[PDB]
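Only one chain comes next, encoded as structure tokens, the form deposited in one PDB entry.
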């Protein structure tokens, strides 16, 4: 008879399979309704995220279709994986909602930054992130939306990536979505274009956040962000200014020039674990890697491959999380389609279950 069951949670009607019970929602209150439940069949706890109405507009279905198809066919330690997908409606007529279950994680990367950590833990967390993005870049996907709230870790400091970002499609910084400007690159904020090193900037800001305990570049508005970057890092050299668009090229030069601060005073030894030569040398190496990754000019930005071979990170090097086989997604398309086609397109995968 019935294979789905109902409960009204978080001001919303939630209906999924009976295998999961004792629904407990996330208290974060963030967009995307997800609750924690326990799956009886395989004896593991699960996180379940509901699509409210995937087809409210063209922006929704495009991102919803993207994340389902690619999460189904990439399989990596540092990227979150998909276990089951289903929707209660059995025909497309009233098919209107979709649910996604996946492996549960203990916490966000945000809260992990609050608790003091050590170099062994910090680096392994970054190592995982770089091979998470390196596995994505090899597939041809630029995240550009990396932030602590899109990153989850477990009790063993195993890190997994929650989001697939925009997959290198949209280049706008403020869309109809992300509540964070802080971790975004200088090129994206200036609309100068992006390459594969854009994401290196955001892992640099996240890494710097662990050391200090606060957001590295806190910007109240779109343009405060740029001011905060150059208040601490210094004004860029003229060669960087040439490629900028003239309308806002003018503005950067007319904006005041700041010499900037060096990473030793940006990241002092007090915030690091210290008093040891191992600690002092690990404090050096951490700051040195921050310098290579927190570069305004994209051309001197350290690559993810070189970042993995940095002494601070290479201690965890083993090819199977890093040098994985590239995931292949041949249904692939660069095009946008009808709203009715969108439901029919996603209906195929959820009903070919």
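Numbering follows the first chain given and starts at 1.
Same protein, other form: the form solved in complex with a partner chain, not shown, and the subject of what follows.
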For this session: Would you check whether its partner chain, in the deposited complex, lies within 4.5 angstroms of a non-hydrogen atom from each of 115, 127 and 157?
Result: yes
For this session: Please pick, from 288, 305, 297, 321, the one residue with any non-hydrogen atom lying within 4.5 angstroms of its partner chain in the deposited complex.
Result: 321
For this session: Taking 4.5 Å between heavy atoms as the contact cutoff, choose which of 153, 139, 203, 100 touches its partner chain in the deposited complex.
Result: 153
Exercise. Its partner chain isn't shown here, but in the deposited complex, which of 297 to 305, 312 to 320, 31 to 39, 46 to 54 has heavy atoms within 4.5 Å of it?
Worked result: 312 to 320
Exercise. Going by a heavy atom distance of 4.5 Å, is residue 111 a contact of its partner chain in the deposited complex?
Worked result: yes
Exercise. Does residue 72 reach its partner chain in the deposited complex, with heavy atoms at most 4.5 Å apart?
Worked result: no
Exercise. At the 4.5 Å heavy atom threshold, is residue 195 in contact with its partner chain in the deposited complex?
Worked result: no
Exercise. Taking the shortest heavy atom distance, is residue 120 within 4.5 Å of its partner chain in the deposited complex?
Worked result: yes
